[PDB]
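Report on the structure given below.
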Amino acid sequence: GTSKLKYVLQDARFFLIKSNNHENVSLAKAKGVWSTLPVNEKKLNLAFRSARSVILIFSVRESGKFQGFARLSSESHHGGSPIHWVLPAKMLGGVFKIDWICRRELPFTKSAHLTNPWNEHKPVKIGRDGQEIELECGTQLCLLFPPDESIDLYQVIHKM
């Protein structure tokens, strides 16, 4: 069902994350971590304190698709286990822990009806790394993804 998913997305904030390569998104999916540039790290730390759920929606540059979405489970922290990001290292901020909600892909062709008020109503696929996606557009975008039946949102609800 979609009921627990809708509950997780209630009053959430959404941010577009753009990765230059698939390798880093694969690492994030395997390890439950993400790191971004300091300008976006600051935005995400502020958002994490401000909302019940902060959702990162991932897109590998030039792939034509989103690769999934995840909920921040922490603010960024330093020192843990130098993640072997395939860089396109110090200019990177701290590490956020994330819980994946969906590891399935969504092609941009499926989101063409969704525009983001916070980016001049351009299609939601369009945006720099860290672009905030308004609540209604972000909710509808997440609901377009194929259900990920490997994920049990019960534990995610408990972190809220």
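Counting starts with 1 at the first residue shown.
Determination method: X-ray crystallography, 1.4 Å.
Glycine too: its Cβ is placed from the backbone N, Cα and C atoms.
According to Swiss-Prot:
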BINDING   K18, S19, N20, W34, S35, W85, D129  RNA binding site
MOD_RES   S81  phosphoserine
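The Cα of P88 and the Cα of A89, which border 4 unmodelled residues, are 10 Å apart. Taking every pair among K18, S19, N20, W34, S35, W85, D129, the residues listed as contacting RNA, the largest Cα to Cα separation comes to 16 Å. Under the DSSP three-state reduction, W85 (RNA binding site) is assigned to coil, being neither helix nor strand. When Cβ atoms from all protein chains are considered, those within 10 Å of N20 (RNA binding site) total 14, not counting its own. Across the structure, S19 (RNA binding site) and the residue listed as 'phosphoserine' are spaced 20 Å apart at their Cα atoms. What surrounds the RNA site, by Cβ distance within 8 Å of the Cβ centroid and not counting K18, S19, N20, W34, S35, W85, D129, is the set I17, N24, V25, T36 from the same chain.
Of the listed binding-site residues, namely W34, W85, the sparsest CB environment within 10 A is found at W85.
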